[PDB]
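Data first, discussion second: the structure below is written as structure tokens.
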Amino acid sequence: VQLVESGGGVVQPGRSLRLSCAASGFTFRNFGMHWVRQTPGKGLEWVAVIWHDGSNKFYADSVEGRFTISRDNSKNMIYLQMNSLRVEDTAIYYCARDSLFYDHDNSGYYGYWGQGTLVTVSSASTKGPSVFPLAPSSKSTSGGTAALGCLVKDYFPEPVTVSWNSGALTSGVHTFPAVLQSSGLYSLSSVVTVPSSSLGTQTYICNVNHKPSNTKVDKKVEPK
Amino acid sequence: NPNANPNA
Amino acid sequence: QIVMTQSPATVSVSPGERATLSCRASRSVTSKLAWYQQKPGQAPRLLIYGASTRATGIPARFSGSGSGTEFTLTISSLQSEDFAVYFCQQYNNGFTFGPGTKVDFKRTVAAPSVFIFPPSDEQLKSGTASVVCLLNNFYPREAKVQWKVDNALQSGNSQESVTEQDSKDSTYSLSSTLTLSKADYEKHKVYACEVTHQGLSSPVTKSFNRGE
């Protein structure tokens with residue numbers, strides 16, 4: 001059993017998009033299919049369900065009138081057409097098959113999932129990040145250990161890669177998951193703890209690379 | 001009723 | 001729609017221990033409830049349907065019980081492979097999921113190291129001030145970070161980010177970023193970051209004064 005989604009990407013709000021999900025390794029015409037979406041913030045949300053023949057369909061209240069689920073039993077496919085997209089529709093969209101075995105008193109759970117495809121509804125345009133120092137100081141030092149880092153602010157889209165001293169510095173590094181700001185631009189911080197002995201005789205440089213905008217920044221971080 | 005069995 | 005609530009948000013388990021996760025329903029869902037396991041980056045995986053029935057290929061240490069409004073997922077002796085998030089999902093009236101419960105590796109309580117980073121002067125010239133407060137290498141995962149500007153408690157103008165549980169340390173690190181306009185930043189003096197955690201006898205405050 002193999003379910004494979006694709007078709008996602010980045011789109012403006014108010015626009016439209018169609019998703020696809022190929023199904024393999026089981027009798028497709030004998031099962032209803034579902035669309036379920038996941039958000040980092042609202043968790044897992046059911047989207048729609050289509051009968052085994054396309055006969056009956058049901059939609060989540062948040063997408064009724066804007067989303068339409070379809071299937072082709074001769075292609076072993078299932079589609080989802082999204083209309084008048086809102087930024088609140090940004091999620092990972094999974095393909096799910098109803099049931100594990102057939103049963104008419106046991107149905108409505110998802111026996112098999114797809115890997116999922118990501119839909120990003122944003123008005124932001126591609127933009128490189130600005131890199132500011134998280135400079136070490138007396139208030140960044142605890143005992144023999146100092147903290148320093150970089151602030152990779154206001155970029156789009158994901159992801160950015162951050163290294164330290166061109167890969168030489170690995171132990172002690174923490175690159176935090178990016179965060180979506182009220183601007184619609186992403187933002188993260190990378191930090192490292194180093195011995196306070198070396199702040200005078202060791203150069204620390206974070207290497208920020210944002211391939212979506214061909215942006216590469218090296219930033220030396222020295223104490224204040 | 002969306003919980004009706006959608007399978008065959 | 002029907003609301004599934006899960007508690008607690010995180011459970012700390014050592015391999016071989018018993019793990020209990022609770023799922024509650026707004027209204028009764030009879031025995032129409034599922035449990036799913038999800039590891040970071042991967043899609044969910046079916047564990048238990050109905051209320052008690054295991055899926056094909058799920059070890060016997062996974063056991064589900066419950067009826068109507070209160071359900072419980074049990075892992076009799078936790079193993080290497082079970083550190084993940086666990087969602088429940090009802091399919092009696094509609095289809096709704098619980099928020100999820102993280103199961104992580106238990107270790108010694110470790111208080112965080114609290115670090116404060118003022119805004120750079122390069123950023124201040126572009127019009128915005130970002131204040132970053134770092135909580136490094138702590139356990140357990142729950143922590144409360146509170147921003148204070150001239151002793152005024154700040155709410156709604158900060159964002160948090162948390163690492164995964166570390167491979168070797170089994171610790172967490174947390175980031176909290178207070179964002180102010182330049183004009184607002186220069187209207188005030190003291191910028192304090194106050195941290196509450198189980199490993200702290202009393203809350204820890206790290207602060208600086210603008211232009212220090």
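Labeling convention for the structure tokens: chains A, B, ... as they appear, residues from 1 per chain, ligands from 1 in order of appearance.
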Next item on the list: For chain C, work out the contacting residues on chain A at 8 Å, counting only C-alpha atoms, and write them as a PyMOL selection string.
Entry: chain A and resi 42-46+94+100+106-116+132-136+139-142+147+174-179+189
Could you write those residues out with N, CA and C atoms, as a CSV table (one decimal), in the first residue's frame?
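The result, stored in selection-v7.csv:
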chain,number,residue,atom,x,y,z
A,42,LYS,N,-2.5,24.4,15.1
A,42,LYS,CA,-3.8,23.8,15.2
A,42,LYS,C,-3.8,22.3,15.1
A,43,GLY,N,-2.6,21.7,14.9
A,43,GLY,CA,-2.5,20.2,15.0
A,43,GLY,C,-3.1,19.6,13.7
A,44,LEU,N,-3.8,18.4,13.9
A,44,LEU,CA,-4.3,17.7,12.8
A,44,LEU,C,-5.8,18.0,12.6
A,45,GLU,N,-6.1,18.3,11.3
A,45,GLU,CA,-7.5,18.7,11.0
A,45,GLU,C,-8.0,17.9,9.7
A,46,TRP,N,-9.1,17.2,9.9
A,46,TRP,CA,-9.7,16.6,8.8
A,46,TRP,C,-10.2,17.6,7.8
A,94,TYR,N,-2.2,15.7,3.9
A,94,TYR,CA,-2.0,14.2,3.8
A,94,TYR,C,-3.1,13.5,3.1
A,100,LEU,N,-8.9,-0.2,7.9
A,100,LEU,CA,-7.8,-1.2,7.7
A,100,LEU,C,-8.3,-2.4,6.9
A,106,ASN,N,-17.3,-0.5,11.6
A,106,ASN,CA,-15.9,-0.1,11.9
A,106,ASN,C,-15.4,0.7,10.7
A,107,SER,N,-15.5,2.0,10.7
A,107,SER,CA,-15.1,2.8,9.6
A,107,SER,C,-15.0,4.3,10.1
A,108,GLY,N,-14.1,5.0,9.5
A,108,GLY,CA,-13.9,6.4,9.9
A,108,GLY,C,-12.5,6.7,10.5
A,109,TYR,N,-11.7,5.7,10.6
A,109,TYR,CA,-10.3,5.8,11.0
A,109,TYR,C,-9.4,5.6,9.8
A,110,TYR,N,-8.2,6.1,9.9
A,110,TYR,CA,-7.2,6.1,8.8
A,110,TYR,C,-6.2,5.0,8.9
A,111,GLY,N,-6.3,4.0,8.1
A,111,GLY,CA,-5.4,2.8,8.2
A,111,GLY,C,-4.1,3.0,7.6
A,112,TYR,N,-4.0,3.9,6.5
A,112,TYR,CA,-2.8,4.1,5.8
A,112,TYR,C,-2.8,5.6,5.4
A,113,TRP,N,-1.6,6.2,5.6
A,113,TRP,CA,-1.4,7.6,5.3
A,113,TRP,C,-0.4,7.8,4.1
A,114,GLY,N,-0.4,8.9,3.5
A,114,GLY,CA,0.6,9.3,2.6
A,114,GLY,C,1.7,10.2,3.2
A,115,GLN,N,2.8,10.4,2.5
A,115,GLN,CA,3.8,11.3,3.1
A,115,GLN,C,3.4,12.7,3.3
A,116,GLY,N,2.5,13.2,2.5
A,116,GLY,CA,1.9,14.5,2.6
A,116,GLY,C,2.6,15.5,1.7
A,132,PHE,N,22.0,39.4,12.1
A,132,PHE,CA,22.5,40.3,13.2
A,132,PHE,C,23.2,39.5,14.2
A,133,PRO,N,24.2,40.0,14.9
A,133,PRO,CA,25.0,39.3,15.9
A,133,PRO,C,24.1,39.1,17.2
A,134,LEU,N,24.2,37.9,17.8
A,134,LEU,CA,23.8,37.7,19.2
A,134,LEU,C,25.2,37.7,20.0
A,135,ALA,N,25.6,38.9,20.3
A,135,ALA,CA,27.0,39.1,20.8
A,135,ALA,C,27.1,38.6,22.2
A,136,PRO,N,28.2,37.9,22.6
A,136,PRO,CA,28.4,37.5,24.0
A,136,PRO,C,28.8,38.7,24.8
A,139,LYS,N,26.3,39.3,30.5
A,139,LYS,CA,25.0,38.7,30.6
A,139,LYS,C,24.7,37.5,29.7
A,140,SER,N,25.7,37.1,28.9
A,140,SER,CA,25.6,35.9,28.1
A,140,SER,C,26.6,34.9,28.6
A,141,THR,N,27.2,35.1,29.8
A,141,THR,CA,28.3,34.3,30.3
A,141,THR,C,27.8,33.7,31.7
A,142,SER,N,27.9,32.4,31.8
A,142,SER,CA,27.5,31.7,33.0
A,142,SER,C,28.6,30.7,33.4
A,147,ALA,N,27.7,32.2,25.7
A,147,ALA,CA,26.7,32.0,24.6
A,147,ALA,C,26.8,33.1,23.6
A,174,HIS,N,23.0,25.1,18.6
A,174,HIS,CA,21.5,24.9,18.5
A,174,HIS,C,21.0,25.8,17.5
A,175,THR,N,20.4,25.3,16.4
A,175,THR,CA,19.8,26.1,15.3
A,175,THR,C,18.3,25.9,15.5
A,176,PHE,N,17.6,26.9,16.0
A,176,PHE,CA,16.2,26.8,16.4
A,176,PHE,C,15.3,26.7,15.1
A,177,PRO,N,14.2,26.0,15.2
A,177,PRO,CA,13.2,26.0,14.2
A,177,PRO,C,12.8,27.4,13.8
A,178,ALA,N,12.6,27.7,12.6
A,178,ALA,CA,12.1,29.0,12.1
A,178,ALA,C,10.7,29.3,12.7
A,179,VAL,N,10.4,30.6,12.7
A,179,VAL,CA,9.1,31.0,13.2
A,179,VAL,C,8.6,32.0,12.2
A,189,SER,N,17.0,31.8,15.1
A,189,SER,CA,18.3,32.1,15.7
A,189,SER,C,19.1,30.8,15.8
Next item on the list: For region 1-7 of chain B, please output as a VMD selection string all residues within 10 Å (counting only C-alpha atoms; exclusion window: fewer than 5 positions along the same chain).
Entry: (chain A and resid 28 to 34 48 to 59 97 to 99 101 to 109) or (chain C and resid 91 to 95)
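For residue 89 (chain A), the list of residues within 8 Å, based on only C-alpha atoms and with local chain neighbours fewer than 3 positions off taken out, reads residues 85, 86, 119, 120 and 121 of chain A.
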Checklist line | Backbone-only DSSP, helix (DSSP H, G or I) members of region 71-144 of chain A, as number ranges by chain | finding: A: 87-89, 138-140
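CA of residue 40 (chain A) is found 20.4 Å from CA of residue 7 (chain A).
CA of residue 107 (chain C) sits 22.3 Å away from CA of residue 145 (chain A).
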Margin query: as JSON, numbers by chain, please: every residue in region 102-187 of chain A that a backbone DSSP assignment puts in strand (DSSP E).
Written below: {"A": [110, 111, 112, 113, 117, 118, 119, 120, 121, 130, 131, 132, 133, 134, 141, 142, 145, 146, 147, 148, 149, 150, 151, 152, 153, 154, 155, 161, 162, 163, 164, 173, 174, 175, 179, 180, 186, 187]}
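CA of residue 143 (chain A) is found 19.2 Å from CA of residue 202 (chain C).
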Notebook entry, point to check: Near residue 164 (chain A), counting only C-alpha atoms, which residues have an atom at most 8 Å away, once you skip same-chain residues fewer than 6 positions from it, shown as a PyMOL selection string?
Noted result: chain A and resi 170+204-207
Check: Got a sec: who's within 9 Å of region 182-185 of chain C, counting only C-alpha atoms, leaving out chain neighbours fewer than 2 positions off, as a ChimeraX atom specification?
Finding: /C:124-129,180,187-189,210
Note to self: as a VMD selection string, please: the residues near residue 152 (chain A) (cut-off 6 Å, only C-alpha atoms, same-chain neighbours under 3 positions excluded).
What the structure shows: chain A and resid 129 to 131 187 to 189
